[PDB]
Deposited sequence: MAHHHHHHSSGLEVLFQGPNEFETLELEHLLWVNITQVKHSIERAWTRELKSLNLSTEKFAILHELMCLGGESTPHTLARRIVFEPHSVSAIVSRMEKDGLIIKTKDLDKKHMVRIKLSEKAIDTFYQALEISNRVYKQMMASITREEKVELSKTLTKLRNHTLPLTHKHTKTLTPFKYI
């Protein structure tokens, strides 16, 4: 009755650490796809939202090198997103009055867009994560933080001072 020789092969049994990478990538993709669709009326990707948010923590104005130090993304990636945000009227770039340094500032449109986006985004993440308990959330953040702290210095050698976000 069950067919022979068609069950899973050895490549479907993983080391646990490889399965954890697959789990992390699948949760990142599934949450981002759903969040991005909810935020589409504001035209925000997760990375544009992350840059608006970092610049709000910096008081709406900073420099490319300070923004890059605070955020996990590669500098070329942060510059590309900032340039797109500038075309969209979210960031204003001005020459420092230091030759060649640029200051980046959020426009009032960007700050009002962030007001709206933060409120929707908090509702989205809350409803997405409602099926795990407070205890499971607190443990997940602790374990992910241990992984971040052990793995970030394998390639980021004093280049990042990531924003020390808190929760209550």
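Mapping the modelled residues onto the deposited sequence reveals missing stretches at 1-11, 109.
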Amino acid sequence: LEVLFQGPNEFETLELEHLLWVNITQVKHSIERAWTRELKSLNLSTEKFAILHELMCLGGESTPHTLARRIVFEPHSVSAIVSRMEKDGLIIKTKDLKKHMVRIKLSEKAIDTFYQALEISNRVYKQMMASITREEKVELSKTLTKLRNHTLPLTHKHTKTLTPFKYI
From here on, numbers count along this sequence of modelled residues.
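As recorded in the PDB entry, 6-14 is the stretch of 6-14 and 19-27 with the greater mean C-alpha temperature factor. Of the two segments, 106-114 and 28-36, the one listed with the higher mean B-factor is 106-114 (C-alpha atoms only).
Residue-level inspection of the entry shows that, of 131, 66, 143, 121, 131 has the top Cα B-factor.
The entry lists a Cα temperature factor for residue 71 that places it in the lowest third of the chain's modelled residues. Remark: residue 100 belongs to the highest third of its chain, ranked by C-alpha B-factor as recorded. In this PDB entry, the Cα temperature factor of residue 139 sits in the middle third of its chain's modelled residues.
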